[PDB]
RNA sequence: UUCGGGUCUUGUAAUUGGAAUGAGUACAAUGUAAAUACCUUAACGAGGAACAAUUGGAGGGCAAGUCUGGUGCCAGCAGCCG
Ligand SMILES: [Mg+2]
Ligand SMILES: [Mg+2]
Ligand SMILES: [Mg+2]
Ligand SMILES: [Zn+2]
């Protein structure tokens, strides 16, 4: 049986009409380190970028990703466990974070992907209507969000 | 226990009769039990207002059954003479419905009552 | 400009009807069936991997 | 008028001399609004040729 | 000389205008609400950005500071009065949750369409620009007029308008005269 | 120790050091000495006046060829001969020798285009909304 | 694009002799 | 369209127990467990089979969300012949009877409903259908009717409540077999109207994951219904 | 398809 | 079994064979109707059925008994409008041929 | 990327009706040191509503048409010119 996934009802051509304030944002693992590297607090940094409340989210894979790093990145793990950071459960065997984040956005067009990875950034870019956040220079930047 | 159930209190009836009057002016109001029967069939109703003093009462007890089947909030108001006056018609009204229109100027007020009516149930 | 945008938007609505299904007020009148037909072997649901 | 425009075209091809526009019969206008507004088109059109 | 009269721009060009998502969003907004051109969307985006930045800056301040209380109370009052912010919704955090759309519905053109005086946003705009609509006792010909909650329910056809009671327009009486002749 | 003073009372040296090192930048040097416009194609101007010397590609058999649209022009300011592009062969027509032409920045090596001839825009003549005065 | 609309005029086929 | 006199060609659907009636215009149809009557006035198709008069009922997608789900092209429907089915929120026989048709005589359908008045017809319709079990009880307390239900191979929930996720889990923990099927119909407005529809859908998927239900499929129900989806999941008791 | 292929011949050239 | 449809008899009737052919070529029957692109191969198991309308739908969706006829081909025969369109189309096809 | 695939009231180079209105013209009044203009308003003022919106960008197609080159009918360039 052939399967052609439906176009999400939340997308008006290349415009995602479903994402609105307050935002739900998936944190990729590398995001935390660069945020620490640039002395940018997570929760306020997102607020300054989007001028609206952001509800950061961390999946099991990203959480598992951080623990495996070791003592050097203890601070990143502590920030990731900030109670304002909600958690997402995963139902796939692999711990590979990049694939997990790509899948979730494909299923629900409600998440901003917060990452710096060139490979992941390109993959999310192909998926329509996925705002893509990153930390560069002095503060966070969001590329595909019309409301800004 | 009583066949008319739930029965809105005075505060709730006042707010309901406020909305129905506004819906009348904006042509979002269907009046009469037969109309309320039809709108449920087409699935274009937000909630059904009914008169608990209707003479006899049962004659509108088919509307609750259709509503509960279709998951439409419904409520009873004490007075039919009051309900008819709010609707703007010169005769008593036993049943009324609010037509569905997300592009109506009174959407917020309708949903406000639609919240409270649900709590009453 | 207002006329030009009006035509552009309604044209876009027609195209959006092609790319995906859209709620169109639901059933009107007696249920006649599926005017455009049913495909037995095609699935549109998004799969969880 | 024609003869006004033609002479300018003759001048433009055979060497532009100094050209000064002189408007006449302005008293015939009955309203100041149309008088001032009419002056504007005549000047700007004159600014196209000269 | 005479003292200067201050002025300011009411709109700003977005950061990178050519985003496909942004183009489609402007298309949807203009089509739904009958906006003439993109400058209206830019204007309202500028206003909303100013408001939401002010709300963020006040939120940064601690609770109970005099400036936070005073400015936040004023901003909530203005947003509630204009109708974008609902009565049960009186906090600065919810001001951060506003969108351009709300201000778009608060436009007089949209209100005229919704109230049933006009069946379509373009018909509503045409009525506004032809002096057929009055807010209370005042004739308003500005589609961008922002309607307050109290003013919302006084919108009506103007007494001078042919639809509001006056004599028929030039076309109707001309046709009647020619038919009589 | 980053190779620089950090004392609370060393403001003087940091300033003197900064001023000396600021002259290293070519951009800073050009801005202060006003030599940034030597590199500009027109010597700081936005447009260049010239005389039309010859139409090099007038003969070229191939219509709308890149050669056809080239005209040799001598800049009045300095007298150096250069080439200019004309928008099209039809626009090559309005140009004739010994006409004044205003030039603007644009076959390699041709970096100029004709924007006015005899004090009127070539596009105006091309759209034919005006007539060249002689 | 400096081509006039007249330059792109349609050229019609000569009809065959009767 | 499908006027009373029209003939039709019926062929089997991909899903067992579901059939397609062709013609000028196509219809989803299920075999009538009780021939000679329509539960909610739906059209009924009769075929001459050696001769006994076998009868078939038209399934209306605008009325039943499951049929609308089949139409969108759901990959897997655990509802199948000879399969025990627990239908939550059985408002009436509008959808239950069709589900009873699919499972057939061997299968059974456990209908759970709360409000007494809609239930009364559920008992009335249940009398016609031996394979339906009308349980007039609140689904929020599965223990009250734990007597009437053994495990059910699939759980179908059309309950339109904000806490439907909790309702599903309690029933699933008690009655759904391991690797059992779960098919949920979600209405965004009832759960949380403040936020967009799709964010609600993602939220429910997360709650199902917390309850050891692995989601398999998701599908929105347009153009038949606005702001709705059906999510299909499998219940892994040991661990997600 | 022919129009696309002729158009593609331009991108190739 | 309860869910098993009958075998079509080998050497099936002309009326059945024609009926399967229309619904395969159902697209061409009405100019104002269009359908999904769909490759149909004749089913392994099928049956021919009679639709029974609800009596409340007597005015809305009930065919006259005289109009009721056994085979789909001949119900399309009675519809004058379908005949009129087809007559014009084939003539247009014939002249081109 | 070919292979093809997805979708349904879409298109017309077709006809046709009476309602609204200001750019403009203009009794008057208001405005002003006196005027113009605005806000008002008797009376006129629309179907190509010719009461004739612009500035740039991208891409076609055509000939008993014209130039160049060559492992035949092609290719390049281009075509206000037959
Ligand atoms: Mg004027
Ligand atoms: Mg007037
Ligand atoms: Mg050191
Ligand atoms: Zn994961």
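Read the figures in this text as sums done on the coordinates, not as results from a lab. Quick reminder, even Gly has a Cβ in these numbers, built from the backbone with ideal geometry, and neighbours come from all protein chains shown.
For region B:49-112 and region F:36-50, what is the separation of their Cα centres, given in Å?
Cα centres, region B:49-112 to region F:36-50: 81 Å.
Quick one: grab Rg to one decimal and Dmax as a whole number for chain F, Cα atoms only, in Å.
Considering chain F through its Cα atoms, Rg and Dmax are 24.0, 78 Å.
Using every Cα-Cα pair within chain C, state what percent have a distance larger than 15 Å.
70
Divide by every residue of chain F the summed helix terms, -39500 (n - 2.57) for each DSSP H run of at least 4, and state the resulting mean residue ellipticity at 222 nm, rounded to the nearest 500 deg cm²/dmol.
-6500 deg cm²/dmol
Taking chain J as a Gaussian network, where each spring joins two C-alpha atoms under 10 Å apart, which residue of J:57, J:67, J:80 fluctuates the most?
J:57
Just A:99, A:28, A:82 to compare: in a GNM of chain A, with alpha carbon springs under 10 Å, which one fluctuates most?
A:82
Antiparallel as a % of all DSSP beta bridges within chain H, to the nearest 5?
So the antiparallel bridges amount to about 65 percent of the total.
Put a dot 7 Å past each Cα toward the Cβ at residue F:35 and residue F:9; how far apart are the dots in nm?
Placing both labels 7 Å beyond Cα along the Cβ direction yields 4.1 nm.
Antiparallel versus total DSSP beta bridges in chain A: what percent is that, nearest 5?
30
Between the alpha-carbon centers of region A:1-35 and region E:112-140, tell me the distance in whole angstrom.
First find each Cα centre; the distance between them is then 39 Å.
What does the average come to when, for each residue of peptide H:156-162, you count the partner chain Cβ atoms lying within 10 Å of its Cβ?
1
P(r) tail for region B:34-82, what percent of Cα pairs lie past 16 Å?
Tail fraction, whole percent: 34.
Per residue of H:215-224, count partner chain C-beta atoms within 10 Å of its C-beta, then hand back the mean as an integer.
Average neighbour count from other chains, rounded to a whole number: 6.
Fewest to most neighbouring Cβ within 10 Å: what's the order for J:77, H:147, H:174?
The most exposed by this proxy come first: H:147, J:77, H:174.
Per the Debye formula with a single identical scatterer at each Cα and no solvent contribution, what log10 I(q)/I(0) holds for chain H at q = 0.08, 0.16, 0.17, 0.18 Å⁻¹?
Here the Debye-derived log intensity ratios amount to -0.29, -1.17, -1.31, -1.45.
Please compute the Kirkwood hydrodynamic radius of chain E from all pairs of different C-alpha atoms, in Å with one decimal. Please report the intermediate quantities before stating the final value.
On the way: mean 1/r = 0.0523 Å⁻¹.
Evaluated over chain E, this radius sits at 19.1 Å.
Using a 10 Å cut-off around each Cβ of peptide E:23-32, what is the average number of partner chain Cβ atoms that fall inside?
Counting Cβ atoms of other protein chains within 10 Å of each residue's Cβ and averaging gives 6.
Please order D:22, H:85, C:3 by the number of other Cβ within 10 Å, starting at the fewest.
D:22, C:3, H:85
For n ≥ 4 DSSP H runs only, could you compute -39500 (n - 2.57) per run for chain H, divide by its residues and tell me the 222 nm figure to the nearest 500?
Mean residue ellipticity at 222 nm (helix-derived): -7500 deg cm²/dmol.
Using a 10 Å cut-off on Cβ atoms, rank the peptides C:29-41, E:149-161, C:11-23, B:94-106 from the highest mean neighbour count down.
B:94-106, C:29-41, E:149-161, C:11-23
Given all pairs of different Cα atoms, what value in angstroms does the Kirkwood hydrodynamic radius of the protein assembly as shown take?
Every distinct Cα pair counted, the radius reaches 36.5 Å.
Report, as a whole number in µm² per second, the diffusion coefficient that Stokes-Einstein gives for region E:113-181 at 37 °C and 0.692 mPa s using the Kirkwood radius over alpha carbon pairs.
Translational D for this selection: 250 µm²/s.
When the Kirkwood radius is taken over all Cα pairs of region F:33-100, what Stokes-Einstein diffusion coefficient follows at 4 °C and 1.567 mPa s, in µm²/s?
Numbers: Rh = 13.1 Å.
The diffusion coefficient I find is 99 µm²/s.
Quick one, can you get me the convex hull of the C-alpha atoms of chain B expressed as volume per residue in Å³?
Spread over its residues, the Cα hull of chain B gives 93 Å³ apiece.
Once you put a point 7 Å from the Cα of residue D:42 and another 7 Å from the Cα of residue H:120, both along the Cβ direction, what distance in nm separates them?
9.4
Defining a contact as two alpha carbons under 8 Å apart and six or more residues distant in sequence, what relative contact order in percent does chain A show?
30
Just to confirm the number: angle between the C-alpha axis of helix A:97-107 and the first principal axis of chain A, 0 to 90 degrees, nearest 10?
So the helix axis and the longest Cα principal axis differ by about 30 degrees.
Give me the Kirkwood hydrodynamic radius of region A:1-79 in Å, from all C-alpha pairs, to one decimal place?
Value: 15.0 Å, from the Cα pair sum.
Taking the Cα atoms only, what angle lies between the long axis of helix E:170-180 and the longest principal axis of chain E, rounded to 10 degrees?
The angle comes out at about 10 degrees.
Using Cβ contacts closer than 10 Å as the measure, can you line up E:7, J:85, H:110 from fewest to most? Mind dumping the intermediate values first?
Details: E:7 6, J:85 15, H:110 24.
So the ranking, lowest neighbour count to highest, is E:7, J:85, H:110.
Could you tell me the center-to-center distance, by alpha carbons, between region H:162-184 and region J:28-81 in angstrom?
42
Build a GNM of chain J with springs between Cα atoms under 10 Å: which of J:79, J:54, J:19 gets the top mean-square fluctuation?
Fluctuation is largest for J:54.
Let me have the 222 nm mean residue ellipticity of chain E computed from DSSP H runs of 4+ only, each contributing -39500 (n - 2.57), with the sum over all residues rounded to the nearest 500.
Details: 9 runs with 96 residues, N = 181.
Calculated mean residue ellipticity at 222 nm is -16000 deg cm²/dmol.
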